[PDB]
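Asker: Dumping the structure here so I can ask a few things about it.
Chains as they are written, first to last, in our numbering: chain A, 501 to 583; chain B, 501 to 583; chain C, 501 to 583; chain D, 501 to 583; chain E, 501 to 583; chain F, 501 to 583.
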């Protein structure tokens, strides 16, 4: 029995608040599963931002708090009652 | 029994609030599953933003909190009562 | 028994609030499953935005909180009562 | 029984508050699973930001606090009652 | 029984507050699992930032406090009651 | 029984507050698991920052305080009641 498991809960950036400009170049997010085997530019853009009044009375955030049961072959997830 | 499992709950950015300009270049999000085997530009754009009054009394956020049961071959998910 | 499983709950960006301009170049979101085997531009656009009064008394958000049972061959999902 | 497990709860940056400009080049986030085996530029952009009034009375944040049960072959997750 | 386990709770930077400009070049975040086996530039960008009024009465942050049970072969996670 | 375990709770920088400019070059964060076996530049950028009023009455931070049970072969995590 051979198996190759990759569990990633978030491949990304996790924020409660972002004010401003975000220049982002993230070419690859592609899982390549193989059993037998970027000149992109962000250029000359103008970004003008002004936040004068902001009130954020927010409640709690729950990001990437997983409860999974992952693997290969026999996987029993959650409150599996087995007899 | 061979198997190759990739479980990703979010491949993306997770935010409660974003104010502003987002320049984003994310070419690849394609899982390639193979058993036997970008000159794009964002350029010269003008972005003018002004938020004067903002009130955000928001409630809680639950992002990417999975409960899955993933794998290959035998997978029993949730409260599977087995006898 | 061989099998190749990719489970992705979100391939995308997950937000409660976005105010502003979003320049987005995401060429590929295509799962390619093969057993035997972008000069696009966003340019010169003008974006003028002004939010003066905003009140957002919102309730809770539940994003990408999956409960799936995924795999190959034998998959028993949810509260499968088996005897 | 051979197996190769990679569990990553967050591959990304985790913040409660970000004010400002973010130049980000993150080419690779692609798990490559193989049993037998970037000239991109952010250039000349202008970013003008001003936050005058900000009040953020926010509640608690729970980022990347996973409860998973990951692996290969036999995986029993959560409060599995086994007899 | 051979197995190779890598458990990383955060591969990223974890902050409660960030004010300013972030130039970031992080090419590789790709777990490569193999059983048998960057000229990118951020250049000439102008970043102007001014935060005059900021009040942040925030609540507690819980970052990367995992409770997982990870490994290869037999993995029993959480309060598994076994008899 | 052979196994090779790497448990890293944070591969990243952990801060409560950051004011200023961050030039960051972190090429590699990729766990390479193999059983049988960067000319990037940040150059000429201008960063202007001014924080005049800042008040941060924040609550406690809990960063990288894990409770995991990691390994290879037999792993029993949390308050596993075994008989």
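For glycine and all other residues, C-beta sits at the position ideal for the given N, C-alpha and C.
Do the CB positions of residue 575 of chain A and residue 571 of chain B come within less than 7 Å of each other?
Answerer: For the purposes of this step, residue 575 of chain A is taken as the residue at position 75 of the first chain. For the purposes of this step, residue 571 of chain B is taken as the residue at position 71 of the second chain. Against a cut-off of 7 Å, the Cβ pair of residue 571 of chain B and residue 575 of chain A comes out as a contact.
Asker: So, residue 554 of chain F versus residue 554 of chain E, is the Cβ gap smaller than 7 Å?
Answerer: On the sixth chain, position 54 is the one that residue 554 of chain F refers to. On the fifth chain, position 54 is the one that residue 554 of chain E refers to. In this structure, residue 554 of chain E lies closer than 7 Å to residue 554 of chain F by Cβ.
Asker: Considering just the uninterrupted stretch of the beta strand (DSSP E) at residue 510 of chain F, what are its terminal residues?
Answerer: What you label residue 510 of chain F is simply residue 10 of the sixth chain in a count that begins at 1. Looking at the DSSP string, the run of the beta strand (DSSP E) that includes residue 510 of chain F is 502-510.
Asker: Per DSSP, what kind of secondary structure is residue 568 of chain D in: helix, strand or coil?
Answerer: Residue mapping note: residue 568 of chain D aligns to position 68 of the fourth chain, counting from 1. The answer is coil: DSSP assigns residue 568 of chain D none of H, G, I, E or B.
Asker: Let's see if you can read the secondary structure: which residues bound the beta strand (DSSP E) around residue 549 of chain F?
Answerer: Numbered from 1 along the sixth chain, position 49 holds the residue referred to as residue 549 of chain F. Unbroken beta strand (DSSP E) run through residue 549 of chain F: 546-551.
Asker: Can you have a look at residue 543 of chain F and say buried or exposed, based on whether 16 or more other CB atoms are within 10 angstroms of its CB?
Answerer: The residue labelled residue 543 of chain F in the question sits at position 43 within the sixth chain. That one is exposed.
Asker: Is it buried or exposed for residue 506 of chain F, if we count other Cβ within 10 angstroms and need 16 for buried?
Answerer: Start at 1 with the first residue of the sixth chain, and residue 506 of chain F comes out as number 6. Label assigned to residue 506 of chain F: exposed.
Asker: Distance cutoff 7 Å, beta carbons only. Does residue 534 of chain D sit that close to anything in chain F?
Answerer: Numbered from its first residue, the fourth chain carries residue 534 of chain D at position 34. Judged by the 7 Å Cβ criterion, residue 534 of chain D is not in contact with chain F.
Asker: Identify the residues that DSSP records as bridge partners of residue 581 of chain F: which are they?
Answerer: As a working mapping, residue 581 of chain F is identified with position 81 in the sixth chain. In DSSP, residue 581 of chain F forms a bridge with E:581.
Asker: For the candidate residues C:531, C:563, C:556, C:539, whose alpha-carbon lies nearest to that of residue 510 of chain B?
Answerer: As a position in the second chain, residue 510 of chain B is number 10, starting the count at 1. Closest by alpha carbon: C:563.
Asker: Under the assumption that residue 508 of chain F contacts residue 519 of chain E (Cβ atoms under 8 Å), give the Cβ distance between them as a whole number of angstroms.
Answerer: For the purposes of this step, residue 508 of chain F is taken as the residue at position 8 of the sixth chain. For the purposes of this step, residue 519 of chain E is taken as the residue at position 19 of the fifth chain. With 8 Å as the limit, residue 508 of chain F and residue 519 of chain E do not qualify as a contact, their Cβ atoms being about 28 Å apart.
Asker: Report the rounded CA-to-CA distance for residue 582 of chain C versus residue 559 of chain B, giving the unit in angstroms.
Answerer: Position 82 of the third chain holds residue 582 of chain C. Position 59 of the second chain holds residue 559 of chain B. Taking the straight line from one Cα to the other gives about 40 Å.
Asker: Looking at the unbroken beta strand (DSSP E) that takes in residue 525 of chain F, where does it start and where does it end?
Answerer: One-based indexing of the sixth chain puts residue 525 of chain F at position 25. Segment 522-525, the beta strand (DSSP E) holding residue 525 of chain F.
Asker: By DSSP, does residue 533 of chain E sit in helix, in strand, or in coil?
Answerer: As a first step, residue 533 of chain E is located in the fifth chain; it is residue number 33 there, counting from the start. Residue state, collapsed to three classes: strand.
Asker: How about residue 561 of chain A and residue 561 of chain B: do their beta carbons lie closer than 7 Å?
Answerer: Locating residue 561 of chain A in the first chain gives position 61, where the first residue counts as 1. Locating residue 561 of chain B in the second chain gives position 61, where the first residue counts as 1. It is a contact, given that the beta carbons lie within the stated cut-off.
Asker: Taking all protein chains shown into account, decide if residue 556 of chain D is buried (16 or more other Cβ within 10 angstroms of its Cβ) or exposed.
Answerer: The residue you call residue 556 of chain D lines up with position 56 of the fourth chain. Its Cβ being crowded by 16 or more others within 10 Å, residue 556 of chain D is buried.
Asker: What three-state label does DSSP hand residue 515 of chain C in the structure shown?
Answerer: In the third chain, residue 515 of chain C corresponds to position 15, counting from 1. Residue 515 of chain C falls in the strand class under three-state DSSP.
Asker: Would residue 539 of chain B be called buried (16 or more neighbouring beta carbons within 10 Å of its own) or exposed?
Answerer: Numbered from its first residue, the second chain carries residue 539 of chain B at position 39. Result: exposed.
Asker: Between the Cα of residue 541 of chain D and the Cα atoms of A:527, A:532, A:537, A:536, which residue gives the shortest distance?
Answerer: Position 41 of the fourth chain, counting from 1, holds the residue named residue 541 of chain D. Ranking the options by Cα distance to residue 541 of chain D, first place goes to A:527.
Asker: Give a yes or no on whether the C-beta atoms belonging to residue 525 of chain D and residue 525 of chain A are separated by under 7 Å.
Answerer: Numbered from its first residue, the fourth chain carries residue 525 of chain D at position 25. Numbered from its first residue, the first chain carries residue 525 of chain A at position 25. Closer than 7 Å, so yes.
Asker: Does the beta carbon of residue 531 of chain A sit closer than 7 Å to a beta carbon anywhere in chain C?
Answerer: On the first chain, residue 531 of chain A is found 31 positions in, with the first residue counted as 1. Closer than 7 Å: yes.
Asker: Answer with yes or no whether the minimum CB distance from residue 575 of chain C to chain A is below 7 Å.
Answerer: By 1-based counting over the third chain, the position of residue 575 of chain C is 75. Not one chain A Cβ lies under 7 Å of residue 575 of chain C.
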